[PDB]
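Consider the single chain below, provided in structure tokens and representing the form deposited in one PDB entry.
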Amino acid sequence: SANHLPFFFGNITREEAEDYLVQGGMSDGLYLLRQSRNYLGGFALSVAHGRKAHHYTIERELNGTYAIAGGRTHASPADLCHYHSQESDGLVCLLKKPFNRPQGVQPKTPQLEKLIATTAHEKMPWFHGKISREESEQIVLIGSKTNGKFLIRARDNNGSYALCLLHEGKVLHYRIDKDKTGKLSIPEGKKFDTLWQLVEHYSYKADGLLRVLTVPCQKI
């Protein structure tokens, strides 16, 4: 509940952040902490360095400890910060100045949480249970041919799903899969813990998809 953190800005887009940083000085070592939006209970570190910005994601260790994968595990992002404020250890640079939450601005917005989320899409419109690759095309070419209309259907398991969306009259299928870690993600694409997440995001930035997600194709 990083809320007591004055340089913590709730759910903020990676963009919104980079903005705050230049609007902050863009001074080497300038950093800010926001909540992650593709890893449950995790966060991301945004640090300015070399006039560029660098985003690091802080995964939550099952132990309940936090750690940017590959490095030591710290007890709280608070600590993590301090420690990286004195020890580069992997980071492009030392964490000099934090970027506190501007005047007024507030933060944007045990195990159950793990579940609920993983399977949230289950009840969401764009999600069309088990369905054929064709069952889909048609189901999506029917009605409103608005661009970016989409849905995601499962393939045989509870591990492999697919993304179907409309683009200039044609329907495009994007493979989705659950790698070793139980982390879903289109091949070569961002990685998430869930889909309401996967979507939420691809509905906000193409980030590789030929276009962004729009309106949830209707289900029978």
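In this text, residue numbers run from 1 along the sequence as written.
Visitor: Quick one: classify how much of the deposited chain lacks coordinates between residue 109 and residue 110, choosing none, 1 to 3, 4 to 9, or 10 or more.
Guide: The entry leaves 10 or more residues without coordinates here.
Visitor: On mean Cα temperature factor in this entry, is 210-218 or 1-9 the higher one?
Guide: For C-alpha atoms only, the mean B-factor is higher in 1-9.
Visitor: Averaging C-alpha B-factors over each stretch, which comes out higher, 191-199 or 173-181?
Guide: It is 173-181 that shows the higher mean C-alpha B-factor.
Visitor: Comparing recorded Cα B-factors across 146, 76, 100, 138, which one is largest?
Guide: Answer, based on the entry's C-alpha B-factors: 100.
Visitor: Between 123, 133, 82, 72, let me know which has the highest C-alpha B-factor in the entry?
Guide: Within the set 123, 133, 82, 72, 123 shows the top C-alpha B-factor.
Visitor: Select lowest, middle or highest to describe the third in which the CA B-factor of residue 37 falls within its chain in this entry.
Guide: Its C-alpha B-factor, which the entry lists for residue 37, ranks in the middle third among residues of this chain.
Visitor: Please rank the C-alpha B-factors of the chain's modelled residues and tell me whether residue 26 sits in the lowest, middle or highest third.
Guide: For residue 26, the deposited C-alpha B-factor lands in the highest third.
Visitor: With respect to C-alpha B-factor, does residue 117 fall in the lowest, middle or highest third of the chain as deposited?
Guide: According to the entry, residue 117 has a C-alpha B-factor in the chain's highest third.
Visitor: Please rank the C-alpha B-factors of the chain's modelled residues and tell me whether residue 46 sits in the lowest, middle or highest third.
Guide: Within its chain, residue 46 is a lowest-third residue by C-alpha B-factor, going by the deposited values.
Visitor: If you rank the chain by CA B-factor, which third does residue 54 end up in: lowest, middle or highest?
Guide: Ranked within chain, residue 54 CA B lands in the lowest tercile.
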